[PDB]
Amino acid sequence: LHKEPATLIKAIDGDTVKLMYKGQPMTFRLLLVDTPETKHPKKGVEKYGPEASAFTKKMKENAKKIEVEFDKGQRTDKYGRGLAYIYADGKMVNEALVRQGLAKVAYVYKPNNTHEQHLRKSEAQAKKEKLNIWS
Ligand SMILES: Cc1cn([C@H]2C[C@H](OP(=O)(O)O)[C@@H](COP(=O)(O)O)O2)c(=O)[nH]c1=O
Ligand SMILES: [Ca+2]
């Protein structure tokens, strides 16, 4: 796997962002995580939804460098969103959210699970500390 630069266009929510990738505006969906929904009516504004978005937003807006890291499988989901591990100044946003109890490790679709254990460990740590989602 390798990191590729991307430029923030707009953070949509905690796990979905619009990035300029290879001079192309693209919506990216954070691999292996699920931040609470703030959009979809069928889900409603979920607890920590807002917090997860602010977090991603903040992390990404304050970053000097944004990098996208595709996994070994599909790079896009059925919605056409790029599936990556996104890094803000070398910090994986996916993990950052999980570690904070702002996302749960979800949608682990092999073989796009390269950092699953990593994220799982951070999630365990967040549950362990009863952070946000786990509080
Ligand atoms: C993270 C991720 C989401 N998705 C799909 C699973 C869900 O489809 P459905 O929308 O049909 O439930 C949806 C979850 O994304 P969101 O959390 O943005 O809703 O996106 C993938 O297909 N692959 C992935 O790796
Ligand atoms: Ca989500």
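Numbers run from 1 along the shown chain.
Cβ atoms are placed via backbone N, Cα and C, with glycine included.
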Determine which of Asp15, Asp71 appears in Swiss-Prot for the same Ca(2+) site as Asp34, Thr35. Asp15
Using CB atoms and a 10 A radius, I'd like the single residue among the recorded positions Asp15, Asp34, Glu37 with the highest neighbour count. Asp15
Give me the non-local Cβ neighbours of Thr35 (Ca(2+) binding site): same chain, 6+ apart in sequence, Cβ-Cβ under 8 Å, ordered along the sequence. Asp13, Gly14, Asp15, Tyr48, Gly49, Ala52, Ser53, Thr56, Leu97, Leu102, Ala103
Around the recorded Ca(2+) site, report the further residues of that chain (criterion: Cβ within 8 Å of the mean position of the Cβ atoms of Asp15, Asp34, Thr35; site residues excluded), sequence-ordered. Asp13, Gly14, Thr16, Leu30, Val33, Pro36, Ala52, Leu97, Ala103, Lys104, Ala106
